[PDB]
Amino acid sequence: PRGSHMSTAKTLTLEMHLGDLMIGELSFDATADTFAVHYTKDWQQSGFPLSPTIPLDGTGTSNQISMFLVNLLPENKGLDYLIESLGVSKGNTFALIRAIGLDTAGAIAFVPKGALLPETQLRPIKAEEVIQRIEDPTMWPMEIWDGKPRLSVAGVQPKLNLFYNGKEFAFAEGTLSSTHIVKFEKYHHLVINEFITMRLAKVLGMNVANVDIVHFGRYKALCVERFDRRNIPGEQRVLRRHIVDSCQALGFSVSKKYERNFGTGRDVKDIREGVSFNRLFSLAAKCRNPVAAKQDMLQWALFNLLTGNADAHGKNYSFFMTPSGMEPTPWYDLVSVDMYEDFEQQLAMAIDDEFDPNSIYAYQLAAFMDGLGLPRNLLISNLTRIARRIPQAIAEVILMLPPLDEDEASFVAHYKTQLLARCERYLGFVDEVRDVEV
């Protein structure tokens, strides 16, 4: 270079790339301990911001940038392995983003200024390599391969984000990126649970991510196709689409993923500063089609009630970012959490101030809709329709299952029993909703 040769001229700036296009810079001021994000003039006129709170005019606050970036980070053991591998402090978000920057959720690659990219290639994986990690997580952490941490998506469950074309898995490197998220079970029948729940949404005609069960030896894992990615058929190139989760969209910390953001503790049960339904629905205004977005959110809420998904928190709903506004993404992380009866559950987001799923009746649903300023008939029609279609849908989904052992078949039987019971419960009072005096 003809200018400054100080290391910091390169190391304090991560360029922001969308494919082969540089759209701006994420800079970190050492002295102030702050982040900043500025975009190119072409991108300001033509593109979209990283999130609604990191605007194209470049005035995004350090704190909003920081929380946005933290929301991109792993939430499981993968985070600790990453920190350890780099030798950095926990709060050094900049270094962590540098580390995972070539493949984060969404479409933006964070690339060190004036540095040579790692070689663009694949690192193929053998089933046996996954198996030793399933069987001995202590000797063989799932997240470390060839001595390097690999996880660059969020969520608490063990997983890998991988490249995949229907036969073999690999790590993407350089300009290539992962296309799938493979989720491993640490609880019984969790893969089957999520497979059924996700396929049920699909059969019902919902907008939902594609999932397969895959096998590593005897072990099942859930392979989820990423909707922030499209592998171009006929060549080695993965296009990206930018997304943000609802925390990011609201400018909230990862700590606010649950509405009760300080937890289940009864001393904090009325501290409800996290993502709530009212807050989630407020984001519809930023969407290309606000009414359609609210309908999707409502269908999501109802589907989650009917399937017993008590973990539908703010990081489990996302939006595409586009030049014309946000668009809700296909659904993901749909699980019948209700099936785990060694755990007493609360809804992630309350309905009419009610967090106990078992205490949702017609009153709560009517109050919910009134408080969202939506007509009750929209809930009545959708709830009735989904609940009535579920008996056929679940029959269809069960045909999609691979060979089951006895314990697995019994799980599926119980899943179905409980599912049909929730449907019948809600159908039992849905026609009251109209007449409720809230």
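Don't overthink the numbering: it's just position in the shown sequence, from 1.
- Between 157-165 and 312-320, it is 157-165 that carries the larger average Cα temperature factor according to the deposited entry.
- Legend: mean Cα B-factor per stretch from the PDB entry, 343-351 versus 180-188; the higher mean is in 343-351.
- Remark: of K256, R279, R123, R266, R266 shows the highest value [criterion: C-alpha B-factor in the PDB entry].
- Remark: of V70, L372, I386, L399, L399 shows the highest value [criterion: C-alpha B-factor in the PDB entry].
- Remark: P330 belongs to the lowest third of its chain, ranked by C-alpha B-factor as recorded.
- Ranked by Cα temperature factor within the chain, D338 sits in the middle third according to the deposited record.
- In this PDB entry, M16 carries a Cα temperature factor that places it within the middle third of its chain's modelled residues.
- Annotation for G106: CA B-factor lies in the lowest third of the chain's modelled residues.
- Among the modelled residues of the chain, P290 sits in the lowest third by CA temperature factor in this PDB entry.
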